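Have a look below at one chain only, the form solved without the DNA, in structure tokens format.
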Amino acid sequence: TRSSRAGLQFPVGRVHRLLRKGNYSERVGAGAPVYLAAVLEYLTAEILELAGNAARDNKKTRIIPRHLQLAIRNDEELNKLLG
């Protein structure tokens, strides 16, 4: 798969098709979906890292919506990107 070869969990092939959906006449280089998949994997890792810390701090073994809120509402950049 192309996603392993970029070191990613997110699917590069899916991001390729998403990029092609925006303009079916616009072509997609190979770097574009790899770069975008890594950006979203990083952002996903960042939210889950902080939300997982909130779960552990509250003696919980799973993330619930309140933990996502605690993580994002206390991070200025995530709260201002995600709302």
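Note that residue numbering begins at 1 and tracks the sequence as displayed.
Practice item. Between 11-19 and 59-67, name whichever shows the higher mean Cα B factor according to the PDB entry. Key: That would be 11-19.
Exercise for review: Check the entry's C-alpha temperature factors for 73-81 and 2-10, then say which stretch has the higher mean.
Suggested key: Comparing 73-81 with 2-10, the higher average CA B-factor belongs to 2-10.
Review point. So among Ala54, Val39, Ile47, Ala30, who wins on Cα B-factor in the entry?
Key: It is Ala30.
Keep in mind that the form deposited with the DNA bound is not shown, yet the notes after this line are about it.
**Study point:** Partner proximity in the deposited complex: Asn79 to the DNA, non-hydrogen atom cutoff 4.5 Å
**Key:** Looking in the deposited complex, residue contacts with the DNA do not include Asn79, since no heavy atom lies within 4.5 Å.
Review point. Quick one: is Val28 in contact with the DNA in the deposited complex, heavy atoms, 4.5 Å cut-off?
Key: Flag for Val28 set to yes.
Review point. Using heavy atoms and a 4.5 Å limit, would one call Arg17 a contact residue for the DNA in the deposited complex?
Key: Looking in the deposited complex, residue contacts with the DNA include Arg17, since a heavy atom lies within 4.5 Å.
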